[PDB]
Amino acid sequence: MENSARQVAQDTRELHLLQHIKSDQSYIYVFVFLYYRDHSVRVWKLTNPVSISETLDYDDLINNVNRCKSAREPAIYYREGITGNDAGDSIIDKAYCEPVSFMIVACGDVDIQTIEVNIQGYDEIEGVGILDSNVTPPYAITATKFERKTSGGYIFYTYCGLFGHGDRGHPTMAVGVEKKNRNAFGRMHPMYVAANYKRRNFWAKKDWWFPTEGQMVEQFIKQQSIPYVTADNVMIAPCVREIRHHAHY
(Lines of atoms letter the chains of each structure in order from A and count residues from 1; the text may use other names and numbers.)
(Lines give C-alpha, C1' and ligand atoms only; values in the text may rest on other atoms or scores of the structure.)
Protein backbone atom coordinates (compact mmCIF):
# COMPACT_ATOMS: atom_id res chain seq x y z
CA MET A 1 0.00 0.00 0.00
CA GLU A 2 3.14 2.12 0.23
CA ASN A 3 3.39 1.56 -3.52
CA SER A 4 -0.13 2.73 -4.51
CA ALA A 5 -0.41 5.02 -7.55
CA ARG A 6 -2.20 7.52 -5.32
CA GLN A 7 0.84 7.64 -3.04
CA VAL A 8 3.06 8.18 -6.08
CA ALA A 9 0.86 11.10 -7.15
CA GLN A 10 1.60 12.44 -3.66
CA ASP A 11 5.32 11.76 -4.26
CA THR A 12 5.09 13.60 -7.56
CA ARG A 13 3.55 16.56 -5.77
CA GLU A 14 6.38 16.81 -3.19
CA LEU A 15 9.12 16.11 -5.73
CA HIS A 16 7.51 18.89 -7.72
CA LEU A 17 7.72 21.21 -4.70
CA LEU A 18 11.46 20.67 -4.11
CA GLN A 19 12.41 20.85 -7.82
CA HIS A 20 10.14 23.82 -8.42
CA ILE A 21 12.53 25.78 -6.17
CA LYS A 22 15.43 25.30 -8.58
CA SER A 23 13.17 25.53 -11.64
CA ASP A 24 12.86 28.76 -13.65
CA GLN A 25 9.12 28.46 -12.99
CA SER A 26 9.34 29.72 -9.39
CA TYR A 27 9.93 33.15 -7.83
CA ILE A 28 12.68 34.21 -5.47
CA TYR A 29 11.57 36.20 -2.43
CA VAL A 30 12.94 38.54 0.15
CA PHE A 31 10.54 39.45 2.95
CA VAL A 32 11.30 42.41 5.18
CA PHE A 33 9.60 42.35 8.52
CA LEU A 34 9.64 45.56 10.51
CA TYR A 35 8.73 45.34 14.19
CA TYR A 36 7.39 48.45 15.96
CA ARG A 37 7.24 49.34 19.66
CA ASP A 38 3.44 48.77 19.62
CA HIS A 39 4.12 45.11 18.75
CA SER A 40 2.70 45.51 15.22
CA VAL A 41 4.53 44.33 12.09
CA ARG A 42 4.79 45.91 8.67
CA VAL A 43 5.87 43.48 5.98
CA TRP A 44 7.25 43.93 2.47
CA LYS A 45 7.38 41.15 -0.08
CA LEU A 46 10.11 41.73 -2.68
CA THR A 47 9.94 39.17 -5.49
CA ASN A 48 11.00 38.37 -9.01
CA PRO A 49 11.56 35.41 -11.32
CA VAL A 50 15.36 35.94 -11.39
CA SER A 51 16.44 39.26 -9.84
CA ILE A 52 15.09 41.22 -6.87
CA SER A 53 16.10 44.91 -6.65
CA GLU A 54 14.18 47.35 -4.43
CA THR A 55 14.46 50.49 -2.33
CA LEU A 56 12.35 50.68 0.82
CA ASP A 57 12.15 54.43 1.50
CA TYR A 58 11.50 55.94 4.93
CA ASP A 59 7.76 56.12 4.27
CA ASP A 60 7.87 52.40 3.45
CA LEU A 61 9.72 51.51 6.68
CA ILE A 62 7.72 53.46 9.30
CA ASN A 63 4.44 52.23 10.76
CA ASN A 64 1.70 53.61 8.52
CA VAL A 65 -1.28 52.13 10.38
CA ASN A 66 -0.56 53.28 13.93
CA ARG A 67 0.57 56.61 12.51
CA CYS A 68 2.57 59.44 14.05
CA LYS A 69 0.41 62.53 13.71
CA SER A 70 0.37 65.13 16.44
CA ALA A 71 -2.39 67.45 15.19
CA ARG A 72 0.05 70.31 15.68
CA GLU A 73 3.22 69.81 13.63
CA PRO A 74 3.21 69.01 9.86
CA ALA A 75 5.43 66.13 8.67
CA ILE A 76 8.15 68.40 7.28
CA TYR A 77 8.90 69.81 10.79
CA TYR A 78 10.29 66.40 11.68
CA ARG A 79 11.56 65.36 8.22
CA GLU A 80 13.76 68.44 7.96
CA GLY A 81 15.49 67.40 11.18
CA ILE A 82 16.42 63.98 9.80
CA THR A 83 17.30 65.55 6.42
CA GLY A 84 20.07 67.78 7.73
CA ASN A 85 21.97 68.05 10.99
CA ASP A 86 20.15 70.26 13.50
CA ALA A 87 17.82 71.44 10.72
CA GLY A 88 14.59 70.30 12.44
CA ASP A 89 11.67 72.29 13.82
CA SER A 90 10.03 69.53 15.80
CA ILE A 91 9.48 69.06 19.54
CA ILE A 92 9.66 65.29 18.84
CA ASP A 93 13.21 63.90 18.67
CA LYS A 94 12.34 60.38 17.43
CA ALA A 95 9.08 59.26 15.78
CA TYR A 96 7.22 56.50 17.62
CA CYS A 97 6.46 54.92 14.25
CA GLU A 98 10.08 54.18 13.35
CA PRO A 99 10.83 50.44 13.52
CA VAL A 100 12.64 48.90 16.49
CA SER A 101 14.01 45.92 14.58
CA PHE A 102 13.89 43.99 11.31
CA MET A 103 14.14 40.50 9.94
CA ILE A 104 15.14 39.76 6.38
CA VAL A 105 13.93 36.39 5.14
CA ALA A 106 15.42 35.29 1.80
CA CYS A 107 13.67 32.25 0.37
CA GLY A 108 12.80 30.30 -2.71
CA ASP A 109 15.86 29.73 -4.86
CA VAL A 110 17.94 32.71 -3.71
CA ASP A 111 21.71 32.59 -4.12
CA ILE A 112 22.27 34.08 -0.68
CA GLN A 113 25.84 34.86 -1.80
CA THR A 114 24.50 37.65 -4.05
CA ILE A 115 22.28 39.33 -1.46
CA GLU A 116 22.82 42.92 -0.32
CA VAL A 117 21.10 44.66 2.56
CA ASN A 118 22.18 48.29 2.56
CA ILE A 119 20.49 50.24 5.36
CA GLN A 120 21.04 53.99 5.49
CA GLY A 121 19.60 57.01 7.25
CA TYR A 122 16.93 59.22 5.76
CA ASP A 123 19.05 60.68 2.96
CA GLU A 124 20.17 57.27 1.57
CA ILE A 125 23.72 58.59 1.33
CA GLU A 126 26.56 56.33 2.51
CA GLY A 127 29.62 57.98 4.03
CA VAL A 128 30.57 61.62 4.35
CA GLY A 129 29.48 62.89 0.89
CA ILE A 130 27.81 61.70 -2.31
CA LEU A 131 31.06 61.65 -4.33
CA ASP A 132 32.67 59.47 -1.65
CA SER A 133 29.70 57.12 -1.15
CA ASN A 134 30.60 53.47 -1.82
CA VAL A 135 28.08 51.39 -3.77
CA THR A 136 28.85 48.52 -1.39
CA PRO A 137 29.75 49.56 2.18
CA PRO A 138 31.16 46.64 4.25
CA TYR A 139 27.92 46.19 6.24
CA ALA A 140 25.92 45.73 3.03
CA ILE A 141 27.83 42.50 2.31
CA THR A 142 25.43 40.61 4.59
CA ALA A 143 25.40 37.16 2.91
CA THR A 144 27.57 35.33 5.47
CA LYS A 145 25.67 36.89 8.38
CA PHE A 146 22.39 35.25 7.39
CA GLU A 147 21.44 32.15 9.35
CA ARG A 148 20.76 29.11 7.16
CA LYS A 149 17.50 27.41 8.14
CA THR A 150 16.42 24.01 6.82
CA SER A 151 12.96 22.50 6.74
CA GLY A 152 13.15 19.06 5.17
CA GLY A 153 14.52 19.73 1.71
CA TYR A 154 13.65 23.44 1.88
CA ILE A 155 16.40 25.95 2.61
CA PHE A 156 15.93 29.61 3.55
CA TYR A 157 17.95 32.40 5.21
CA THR A 158 17.26 34.86 8.02
CA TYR A 159 19.04 38.06 9.09
CA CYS A 160 17.84 40.04 12.13
CA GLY A 161 18.89 43.25 13.78
CA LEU A 162 17.99 46.45 15.56
CA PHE A 163 17.68 49.80 13.81
CA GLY A 164 18.78 51.64 16.96
CA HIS A 165 18.57 55.29 17.98
CA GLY A 166 21.02 56.86 15.53
CA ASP A 167 20.91 57.63 11.81
CA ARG A 168 19.57 54.17 10.89
CA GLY A 169 16.68 54.67 13.29
CA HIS A 170 15.32 56.76 10.40
CA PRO A 171 15.93 53.96 7.93
CA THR A 172 15.95 53.60 4.21
CA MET A 173 17.25 50.38 2.66
CA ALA A 174 18.20 48.90 -0.68
CA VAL A 175 17.81 45.15 -0.99
CA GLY A 176 18.92 43.04 -3.95
CA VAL A 177 19.43 39.31 -4.59
CA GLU A 178 19.77 36.96 -7.58
CA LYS A 179 18.23 33.55 -8.16
CA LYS A 180 20.84 30.84 -7.75
CA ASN A 181 22.20 29.57 -11.05
CA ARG A 182 23.87 26.17 -10.64
CA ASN A 183 24.94 26.04 -14.26
CA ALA A 184 26.50 28.33 -16.87
CA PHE A 185 23.66 29.78 -19.02
CA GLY A 186 22.95 33.16 -17.45
CA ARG A 187 19.37 34.19 -16.84
CA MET A 188 20.48 37.52 -18.38
CA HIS A 189 22.48 35.96 -21.26
CA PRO A 190 21.56 37.68 -24.59
CA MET A 191 19.30 34.73 -25.56
CA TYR A 192 17.38 35.03 -22.27
CA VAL A 193 17.77 38.68 -21.23
CA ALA A 194 14.76 40.21 -22.99
CA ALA A 195 12.35 37.67 -21.44
CA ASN A 196 13.55 38.43 -17.92
CA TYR A 197 13.80 42.18 -18.51
CA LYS A 198 10.13 42.07 -19.47
CA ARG A 199 9.54 40.78 -15.94
CA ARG A 200 11.73 43.24 -14.03
CA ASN A 201 8.63 44.56 -12.22
CA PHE A 202 6.97 41.19 -11.60
CA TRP A 203 6.21 42.14 -8.89
CA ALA A 204 6.77 45.64 -7.52
CA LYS A 205 7.34 45.81 -3.75
CA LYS A 206 4.15 44.98 -1.83
CA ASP A 207 3.27 45.52 1.84
CA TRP A 208 0.86 44.53 4.60
CA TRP A 209 0.47 45.35 8.29
CA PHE A 210 -0.48 43.10 11.21
CA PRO A 211 -1.38 43.93 14.85
CA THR A 212 1.04 41.32 16.31
CA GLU A 213 3.54 38.70 15.22
CA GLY A 214 1.35 35.93 16.59
CA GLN A 215 -1.64 37.13 14.57
CA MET A 216 0.53 37.56 11.46
CA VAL A 217 1.86 34.02 11.83
CA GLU A 218 -1.70 32.63 11.76
CA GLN A 219 -3.24 34.94 9.21
CA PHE A 220 -0.31 35.28 6.77
CA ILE A 221 2.87 33.32 7.42
CA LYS A 222 1.06 30.02 7.66
CA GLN A 223 -1.65 30.94 5.16
CA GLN A 224 0.88 31.78 2.44
CA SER A 225 3.42 29.20 3.70
CA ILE A 226 6.16 31.81 4.04
CA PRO A 227 9.26 30.48 5.79
CA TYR A 228 9.67 32.37 9.02
CA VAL A 229 11.31 32.48 12.47
CA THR A 230 9.36 33.96 15.38
CA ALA A 231 10.77 36.29 18.06
CA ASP A 232 11.18 33.37 20.51
CA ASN A 233 13.15 31.58 17.76
CA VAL A 234 10.58 29.05 16.53
CA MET A 235 10.83 28.12 12.83
CA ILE A 236 7.48 28.44 11.02
CA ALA A 237 7.92 26.99 7.52
CA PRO A 238 6.42 24.33 5.34
CA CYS A 239 8.45 21.10 5.42
CA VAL A 240 8.91 18.82 2.42
CA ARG A 241 10.90 15.73 3.39
CA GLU A 242 13.50 14.77 0.79
CA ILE A 243 12.55 12.09 -1.72
CA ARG A 244 15.25 10.29 -3.68
CA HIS A 245 15.64 6.74 -5.00
CA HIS A 246 19.42 6.80 -4.68
CA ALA A 247 21.95 8.16 -2.19
CA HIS A 248 23.05 11.78 -2.30
CA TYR A 249 26.63 12.91 -1.76
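Position 1 is the first residue in the sequence shown; the rest follow in order.
**Student:** Which is higher in the entry, the mean Cα B factor of 62-70 or that of 210-218?
**Tutor:** Higher of the two, by average CA B-factor, is 62-70.
**Student:** Tell me which of 141-149 and 165-173 has the higher mean C-alpha B-factor in the deposited entry.
**Tutor:** Higher mean C-alpha B-factor: 141-149.
**Student:** Which is it among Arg199, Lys180, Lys45, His189: the one with the largest CA B-factor in the entry?
**Tutor:** Spelled out: the listed residue with the top C-alpha B-factor is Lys180.
**Student:** Which one of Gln19, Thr230, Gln10, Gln25 shows the biggest C-alpha B-factor in the PDB entry?
**Tutor:** The listed residue with the largest C-alpha B-factor is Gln10.
**Student:** Pull the Cα B-factor of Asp132 out of the PDB entry and bin it into the chain's lowest, middle or highest third.
**Tutor:** Highest third of the chain for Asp132's C-alpha B-factor.
**Student:** Among the modelled residues of its chain, does the C-alpha B-factor of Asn85 lie in the lowest, middle or highest third?
**Tutor:** Answer is highest: the recorded C-alpha B-factor places it there.
**Student:** Can you work out whether the C-alpha temperature factor of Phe102 puts it in the lowest, middle or highest third of the chain?
**Tutor:** Highest third, going by the recorded CA B-factors of the chain.
**Student:** Looking at the entry's B-factor column for C-alpha atoms only, identify whether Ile125 ranks in the lowest, middle or highest third of its chain.
**Tutor:** For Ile125, whose C-alpha B-factor we compare with every modelled residue in the chain, the answer is the highest third.
**Student:** What third of its chain's C-alpha B-factors does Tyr159 belong to: lowest, middle or highest?
**Tutor:** Its C-alpha B-factor belongs to the middle third of this chain's values.
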